[PDB]
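Note sheet for the following structure.
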Amino acid sequence: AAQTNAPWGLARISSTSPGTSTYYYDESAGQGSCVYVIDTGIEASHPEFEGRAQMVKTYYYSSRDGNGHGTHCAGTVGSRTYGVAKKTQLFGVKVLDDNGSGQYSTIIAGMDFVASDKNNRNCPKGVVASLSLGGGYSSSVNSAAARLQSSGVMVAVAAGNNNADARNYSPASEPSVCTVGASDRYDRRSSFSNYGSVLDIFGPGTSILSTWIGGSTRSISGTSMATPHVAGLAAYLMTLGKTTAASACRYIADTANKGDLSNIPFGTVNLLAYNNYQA
Ligand SMILES: [Ca+2]
Ligand SMILES: [Ca+2]
């Protein structure tokens with residue numbers, strides 16, 4: 001398939017070169033996979049989700065995304081226009097309030113929720129969790145991410161937007177999950193993107209156009225935005241059978257565009273998520 005005039009991030013993940021505008025991807029498009037978007041919720045009624053998005057869990061008075069962050073990342077995972085895996089099922093886990101903040105215990109609970117809730121869902125092609133959230137280091141948040149990964153969920157987490165070594169942030173620093181840095185459309189590391197040895201992959205993170213609440217769209221930046229690219233990519237690849245949840249991060253790293261990013265600090269991987277699709 002070929003989506004012309006796609007968001008640059010989508011075009012980038014299907015390109016060996018920057019600066020193209022068409023997103024290429026196998027038409028299976030992640031059908032049969034599921035992606036949990038652990039964030040501020042998902043405006044499931046957004047026409048861009050085509051009925052494939054639903055709130056499965058909230059820890060606040062409403063499952064509504066009154067923030068937009070989670071709708072935006074869910075859109076990058078699997079919305080029809082702005083999504084990597086345009087046929088995946090999107091499950092919203094609102095661990096962040098509408099101010100985009102959530103206690104670590106809530107975040108941990110939501111991660112443990114997903115590890116269990118996937119047994120209530122039909123995801124024969126596999127389960128992904130997109131964690132576009134970050135805070136200071138926490139062995140308990142890391143262990144919850146590790147448990148989620150261990151349970152058979154491909155966990156993609158944001159490296160963080162502190163322009164710092166992600167070793168001091170959670171769940172970014174958890175080794176067993178896929179820690180995602182941000183790049184821009186000129187294949188530069190996003191100025192805000194965390195880095196370090198714990199980073200597994202870079203995805204498009206600067207000026208990422210996707211869905212927003214109120215049935216709208218908007219472009220925002222963050223490793224929070226690169227994560228759904230990798231999460232959507234994992235779901236896409238798992239649907240293709242090219243990898244499993246346990247090995248998707250390694251597979252994405254192996255098949256990534258290598259050495260194409262600039263301003264990657266010494267010791268950080270120079271890997272850009274790449275669907276390796278040949279039309
Ligand atoms: Ca987003
Ligand atoms: Ca890792």
Side-chain angles (χ1 to χ4, degrees), residues 33-86 88-123 127-136 138 140-141 144-145 147-148 151 153 155-158 160-161 170-171 208-225 227-228 231-232 235:
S33 70
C34 308
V35 184
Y36 288 81
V37 180
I38 309 176
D39 207 303
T40 65
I42 306 176
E43 181 173 287
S45 69
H46 197 302
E48 277 284 315
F49 297 123
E50 310 177 309
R52 291 173 292 101
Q54 61 180 285
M55 287 305 296
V56 294
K57 179 65 177 178
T58 175
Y59 297 87
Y60 307 92
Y61 57 86
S62 180
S63 59
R64 281 203 173 109
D65 180 16
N67 184 272
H69 209 195
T71 299
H72 189 274
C73 283
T76 299
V77 174
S79 79
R80 61 195 185 185
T81 310
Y82 313 101
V84 173
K86 302 175 185 307
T88 191
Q89 290 286 312
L90 303 166
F91 299 133
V93 181
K94 183 175 181 57
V95 301
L96 307 178
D97 59 28
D98 293 338
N99 289 124
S101 72
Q103 301 287 326
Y104 284 178
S105 59
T106 299
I107 293 166
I108 289 159
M111 281 191 272
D112 281 311
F113 169 83
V114 171
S116 175
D117 183 67
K118 75 173 186 298
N119 297 311
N120 301 322
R121 313 297 165 184
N122 292 290
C123 320
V127 185
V128 185
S130 192
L131 283 62
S132 291
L133 49 80
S138 158
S140 185
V141 170
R147 289 194 301 277
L148 186 54
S151 67
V153 181
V155 183
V157 309
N161 310 321
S170 290
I208 298 308
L209 174 61
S210 180
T211 51
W212 198 255
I213 56 179
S216 67
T217 62
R218 81 177 48 183
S219 175
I220 49 194
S221 308
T223 56
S224 209
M225 262 50 81
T227 304

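This chain uses plain numbering: 1 for the first residue, then up along the sequence. All values below were derived from every heavy atom in this structure, side-chain atoms included, with hydrogens, water molecules and symmetry-related copies excluded.
- Applying the side-chain hydrogen bond (donor to acceptor under 3.5 Å, both in side chains) criterion to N67, with sequence neighbours excluded, gives no partner residue.
- In this structure, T40 contributes its side chain and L96 its backbone to no donor-acceptor pair below 3.5 Å.
- By the 4.5 Å heavy-atom criterion applied to side chains, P171 and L133 are counted as neighbours.
- Scanning both residues, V77 and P228, for their nearest heavy atoms gives CG2-CB, 3.4 Å.
- Considering every non-hydrogen atom in both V37 and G70, the closest pair reads CG1-O, 3.6 Å.
- The main-chain N or O of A158 is never found under 3.5 Å from a side-chain atom of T223 such that the two would form a donor-acceptor pair.
- In plain terms, the two heavy atoms of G102 and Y60 that are nearest each other are CA-OH, 3.4 Å.
- Annotation: side chain of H72 is not in contact with side chain of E43 (no heavy-atom distance under 4.5 Å).
- Atom-to-atom distance recorded for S140:OG and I107:CD1 is 10.5 Å, nearest 0.5 angstrom.
- Pairing each heavy atom of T227 with each of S130, the nearest pair is CG2-OG, 3.6 Å.
- With sequence neighbours left out, the side-chain hydrogen bond (donor to acceptor under 3.5 Å, both in side chains) criterion links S101 to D97.
- With sequence neighbours excluded, the residues forming a side chain to side chain contact (heavy atoms under 4.5 Å, CB included) with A44 are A53, listed by chain and number.
- Under the side-chain hydrogen bond (donor to acceptor under 3.5 Å, both in side chains) criterion, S132 pairs with no residue at all, not counting sequence neighbours.
- Distance CE/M55 to CG/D65: 8.0 Å, rounded to 0.5 Å.
- Looking at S116, its side chain never comes within 3.5 Å of a backbone N or O of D112 through a donor-acceptor pair.
- Applying the 6.0 Å contact sphere to CG of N120 captures more than 12 heavy atoms from other residues, nucleotides or ligands.
- Pairs engaging residues 46-61 under the salt bridge (charged side-chain N to carboxylate O under 4.0 Å, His left out) rule: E48-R80, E50-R52, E50-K87 [sequence neighbours left out].
- With contacts defined as side-chain heavy-atom distances shorter than 4.5 Å, the pair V127/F91 does not qualify.
- The two residues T88 and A235 have their closest heavy-atom pair at OG1-CB, 4.2 Å.
- Under the 4.5 Å side-chain criterion, counting only non-hydrogen atoms from C-beta, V35 is not in contact with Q89.
- Rounded to the nearest 0.5 angstrom, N122 CG and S33 OG are separated by 12.5 Å.
- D39 is linked by a side-chain hydrogen bond (donor to acceptor under 3.5 Å, both in side chains) to nothing, counting only residues two or more places apart in sequence or in another chain.
- Listed by chain and number, the residues in a side chain to side chain contact (heavy atoms under 4.5 Å, CB included) with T217 are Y82, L209 (sequence neighbours excluded).
- Residues forming a salt bridge (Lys or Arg N to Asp or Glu O under 4.0 Å) with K86 (at least two apart in sequence, or on another chain): none.
- Two residues are said to be in side-chain contact when any heavy atoms from C-beta on lie closer than 4.5 Å; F113 and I38 fail this criterion.
- Listed by chain and number, the residues in a side chain to side chain contact (heavy atoms under 4.5 Å, CB included) with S151 are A115, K118, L148, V153 (sequence neighbours excluded).
- Contact annotation: the side chain of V93 approaches that of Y59 to within less than 4.5 Å [non-hydrogen atoms, C-beta and beyond].
- For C73 against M225, the heavy-atom pair with the smallest separation is SG-SD, 4.1 Å.
- Side chain of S210 to backbone of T76: a donor-acceptor contact under 3.5 angstrom is found.
- Looking at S224 and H69, their side chains come closer than 4.5 Å, going by heavy atoms from C-beta outward.
- With hydrogens and angles ignored, the 3.5 Å screen pairs no side-chain donor or acceptor of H46 with any backbone N or O of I213.
- With sequence neighbours excluded, the residues that form a side chain to side chain contact (heavy atoms under 4.5 Å, CB included) with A144 are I108, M111, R147.
- Applying the salt bridge (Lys or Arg N to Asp or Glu O under 4.0 Å) rule to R121 yields the partners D117; only residues at least two apart in sequence or on another chain are considered.
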